[PDB]
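Alright, here's a single protein chain in two forms, structure 1 and structure 2, each given by itself as structure tokens.
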Structure 1
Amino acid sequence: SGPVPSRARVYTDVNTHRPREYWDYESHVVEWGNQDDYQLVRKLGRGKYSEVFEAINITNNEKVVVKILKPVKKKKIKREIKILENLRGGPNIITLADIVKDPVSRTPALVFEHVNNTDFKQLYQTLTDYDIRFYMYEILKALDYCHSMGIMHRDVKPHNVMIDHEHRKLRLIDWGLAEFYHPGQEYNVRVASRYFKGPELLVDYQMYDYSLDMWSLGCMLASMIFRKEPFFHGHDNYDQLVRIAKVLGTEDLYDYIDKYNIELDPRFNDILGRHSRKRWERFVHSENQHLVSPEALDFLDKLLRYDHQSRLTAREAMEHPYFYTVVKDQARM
């Protein structure tokens, strides 16, 4: 009668097999450190979500990064912390060193191990075809890892990918939107940035999973190899789905909607209208074609699917021909 249930193709029961305290962050008691152990050196970033600083740990004289958290509910604080601690040590994941509160203002702050202040977006139009493939693979390492640990990032975008290009290190950051995947659980669709929102969020389908991150990844890849940021440039929530439909076509969208018995606002159907699927070659021009290959296009085609269950898992993506030489070359890192 209502929306048909969905389940993740992989890593479905990971949290179920874990002990309760692994995923139950509300019951987790946060062990706070001392803010006095850290002194701020200089400001790095600034937004609606955080204030980021270069800082020093006076106890061992180590360079660290401090993120002053904007006042969100304690539940969101505990969730990010618990997730970061569970993922700590994982490949290409940011490393939470400590957690502190201001002695006076009580404002929480996250302390990470040092990374260089250069994200993917400032760089992902400057490097070669092999570098795109290389870093895309590094992102997949992180995505496959956190997914295998039962965690959805839900905010994949080049701004949340720090790259130390000098040492070819990559870190997936900003786990403030991340959440644990539990079979049958309905999640908030107000996650991720508009340009990177998957079709599931735009049609208000709540029983999504890890595959949400894969769509976001597809959008990132599309923008790079086509030199178009963002690739899907919706001016509002409705328009975002329109921009996607103008590329993937309306046929697969309506099939997807019917498949899960999704109910759209009646006016949304007329807005979407009818559009034919566009071939990926149509976005290729002489100023980006050096980043384009048949492997790339097929890989992208296998990420950007309306049906979240049809999208490649992180692991399947990692062994796609697109990364063939990268994998071979990495085998002698």
Structure 2
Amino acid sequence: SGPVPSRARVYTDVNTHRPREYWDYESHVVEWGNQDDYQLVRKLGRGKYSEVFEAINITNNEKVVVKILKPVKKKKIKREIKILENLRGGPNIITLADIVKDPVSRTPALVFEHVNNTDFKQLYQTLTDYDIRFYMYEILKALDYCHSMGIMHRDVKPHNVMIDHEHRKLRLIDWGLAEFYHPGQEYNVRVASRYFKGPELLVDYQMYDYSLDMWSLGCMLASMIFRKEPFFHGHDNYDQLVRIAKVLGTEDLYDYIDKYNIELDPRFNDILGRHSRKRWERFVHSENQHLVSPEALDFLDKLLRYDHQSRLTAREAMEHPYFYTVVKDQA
């Protein structure tokens, strides 16, 4: 027997109610700017599918970030562009400023708003309890917005969170893995970095939704309050599920597998073993106790659930007691 179908608990049919053009990115026609408006200043990074640079827009003297793409399927470039344009002006969503192509090389490049980022491997270790709640609330604004717009980011991790700590400015970036949610659609499970992959990805459950981003957000929160990066440190995708089972327990995992009639890869049987559900206190010590509170733990618990349907939505998460003071100060 095949797996049991699943539907998003919230924003289920937002794309169905939209005109086709909104989500049918394959038919999207790219609007190109002028490549001569931009001059590369310095390199910021290299990736598997791109090279990133800092640039100057010589028409207005503004600092920008330029992502020059390596060979990528045109439908995937159209997907990222279409999502970026649909999300433009949304809270804490990076702004796509321009799309340019080299006239000779035919190489496409995405031009973004620049964020004066403080690298997370330096910033996070300085963040107070209030900073973690404030920045977690800001990512949640970006997530509730993109989910309400029928989009799952699918790559939520510290590297995709740009923070200008001086101006308390956060942007959720790199929409290259993002997809439109369609009820009944089977998605590719080979998405996200190892440490942030949800149980649905690791067990090969394809009918997932926005709730995937909520697991990732839970992984980030656990690493920040416990000062343990990564929180679930698997040696591969199979061992990644073992690392989660050693914390959440194997009982709720097999209850999750049984509920959705998931065919578990035979490799898993001999590595998963039998594990009890641990108490969050075993990750608490003298150097992280100032970031850990009963509110933080309660919130974290409600994010990290094997059953995607039982995790908090981004809007429910914003309503949690953990954010009461952030909500108060913002009024």
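Residues are numbered by position in structure 1's sequence, first residue being 1. Take the two forms, superpose them, and find the largest set of C-alpha atoms that agree within 1.5 Å; that set is the rigid core.
Asks: Please find the residue from 118, 237, 206, 128 showing a Cα shift of 2 angstroms or more between the two structures, rigid core superposed.
Replies: Once the cores are aligned, the residue moving by 2 Å or more is 118.
Asks: Give me the C-alpha shift of residue 59 between the two structures, core superposed, in Å.
Replies: Once the two forms are fitted on their core, the shift reads 1.7 Å.
Asks: Where the rigid core has been superposed, how far does the Cα of residue 289 end up moving between the two structures, given in Å?
Replies: Comparing the two forms, residue 289 shifts 0.5 Å at C-alpha.
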